[PDB]
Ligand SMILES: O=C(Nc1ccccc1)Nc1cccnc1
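This document starts with one chain, in the form deposited without ligand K0G, laid out as structure tokens.
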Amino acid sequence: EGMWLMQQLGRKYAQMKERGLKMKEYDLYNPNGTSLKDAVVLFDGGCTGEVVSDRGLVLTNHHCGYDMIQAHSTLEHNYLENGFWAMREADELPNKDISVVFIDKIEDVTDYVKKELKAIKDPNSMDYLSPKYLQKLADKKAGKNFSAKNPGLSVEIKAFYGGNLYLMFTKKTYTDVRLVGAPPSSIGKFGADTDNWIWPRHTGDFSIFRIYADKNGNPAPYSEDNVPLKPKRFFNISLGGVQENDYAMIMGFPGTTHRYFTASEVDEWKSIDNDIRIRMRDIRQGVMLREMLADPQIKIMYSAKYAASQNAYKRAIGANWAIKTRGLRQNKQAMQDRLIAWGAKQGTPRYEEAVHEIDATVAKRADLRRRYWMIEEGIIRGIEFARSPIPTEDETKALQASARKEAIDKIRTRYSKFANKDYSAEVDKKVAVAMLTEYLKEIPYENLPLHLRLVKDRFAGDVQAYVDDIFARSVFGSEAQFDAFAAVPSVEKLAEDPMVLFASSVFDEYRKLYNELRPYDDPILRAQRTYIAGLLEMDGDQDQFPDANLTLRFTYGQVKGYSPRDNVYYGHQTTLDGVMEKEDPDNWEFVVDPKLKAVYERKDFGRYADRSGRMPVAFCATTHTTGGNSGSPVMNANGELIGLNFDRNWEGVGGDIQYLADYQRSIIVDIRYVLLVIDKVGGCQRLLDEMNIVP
């Protein structure tokens, strides 16, 4: 049920041991010594990774190393579709803008931060959650020139439990992280978008990198003279596999959770956030699909935009399923009613007052929040011509010196980025007509972006005519229309351009709503500090985990399947047989790598198949994970690497608010399948040889 602070390992150790943990507490996390924690990294600012060799080899997900594989792929060597396997360390490819962060030390600085905060002057100050303020405190505690005295290191203070606990992290950052190996996209992304959030899963979601450093193992930017890092700790790889009910644990960097939402916040998340995103994306995706299915060239141009919209659409469907079926609202109501009753008993009304302040703030911002999600889902992300070019104050104060041609070249560059190879004005007009029809029926005339008032005023309610007119008369309606403008540009033409005015109007309203809604966050945040303090004072800091905030956490559970619906059971482990059953040569998502298909036919599984001769692929566990846990190491009761976390099932996406023991699972690629792909698909024996593989 939790994403626990490293500091909470002492308090949790006895329960973990009763659940199967065999390793010593300080071998997993030592606050003043080397531990397994030292082999975990924050990979490229949003994924987790792990050191698996004495020469700095790092494993993470394929979707985590995707951009680096794509940036090194060309028409001649397409590493994205064929994979990549450096046969020597010197062949490993450097990556620009990459990083790996080690969590060198973690300290509780609560009394320090709470004493510094006492120098208040304003009870409603938000400095207690300010990265700028907390950084000034972190620097004060570390010292004037800490990063110069300790190079490669940096400090950071973060708030936890709504501002009731503060931790300082001493981080070590390496920026020379090189691509070593990756399976083909057919393995690394087998399910592709059809199996996203799905269990059973058959995806070999892994990629291999290597941390490089200077001669002393100190952080250094890319240089041809950099040497692989010899880390202070790396994971041993287990080949013993997994069995149902086996103890499993994960360390990683979960991004966000909302475990202390009030019942009113659950209703708002359902009725505004999720219902609007669901309704608007269903309209958008419906029109896109119709057009993609009717024209194979539209399918090529819109496949990625369609897939990108489906991802949070599916998450919202999964989250609304939990609100409707798992009693999320009710359990938050029971949590707050229990605190209110205990507060009344102790003669302290501040907890009930705090819950009331949250409810009243939610109720007060309802119409504004509805208008914001409606314009964001409906227009800002729903309609492509909302992000069409808007002339800057510098560009209009140039068109009306010969810098007029420099303004036109800047506007032209933006126009070509909007109307790119994947942009269809006809498809966009069809999407806009459906999106705006829904938007105009939900947002009243007095709340509309100024230009959308023309639908009723000038176009007699004809949405099609309004959209047709934007493209017919706009300088960004077609290439020829832009060129005619570029030849004779006047500021009066841009000031009255229907597409410019639409884009300006919708962005003006989007920004006005954001600015009007931002002040409502602070009373909720301040009341949550009091609310979570009461919850901790009442039921204790053990069962109630602090919300995720991109900091290192541990979670434990077991390798276990679940029943998704009546009379259906999904086991704990998928096999290579499941990849073969899913093969569809004429569906790019489910194509099987020929070398992998041959390995399966010949049963060339070596030391990686299970005791029954079946080749495992993936497994699931009752660990509590979220976004940010993407390439997390999964450990045995002995702390050996058994897999890599890569996803979670849609039935558990509501788990960011309320953990669902009977449904929520972490989706993990089996380490035996990782080694089988490195060995029989990549033929990269040197990577197997540098790992410490235990029988």
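The first residue of the shown sequence is 1; numbering continues from there.
One more form of this protein exists, namely the form solved in complex with ligand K0G; it is left out here, but the text below deals with it.
Check the shown form for clashes with ligand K0G: superpose the C-alphas around the site so the partner sits as in the entry with it bound, and report blocked if 3 or more ligand atoms are within 2.4 Å of backbone or C-beta atoms, open if none are.
Judged by the transferred pose of ligand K0G in the entry with it bound, this form is open (no ligand atom within 2.4 Å of backbone or C-beta).
Heavy atom within 4.5 Å of ligand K0G in the entry with it bound: which of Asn311, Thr348, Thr392, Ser73?
Among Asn311, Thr348, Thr392, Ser73, a heavy atom within 4.5 Å of ligand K0G in the entry with it bound occurs only for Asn311.
May I ask you to choose, among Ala341, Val488, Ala304, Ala401, the residue with a heavy atom within 4.5 Å of ligand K0G in the entry with it bound?
Comparing distances to ligand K0G in the entry with it bound, the residue within 4.5 Å is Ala304.
Establish, in the entry with it bound, whether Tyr26, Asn30 and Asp104 all lie within 4.5 Å of ligand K0G, using non-hydrogen atoms for the distance.
None of them does, since no heavy atom lies within 4.5 Å of the partner.
Name the stretch: of 330-338, 191-199, 405-413, 524-532, exactly one has residues whose heavy atoms fall within 4.5 Å of ligand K0G in the entry with it bound.
The contacting stretch here is 191-199.
Considering only heavy atoms, tell me if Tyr445 and ligand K0G come within 4.5 Å of each other in the entry with it bound.
No.
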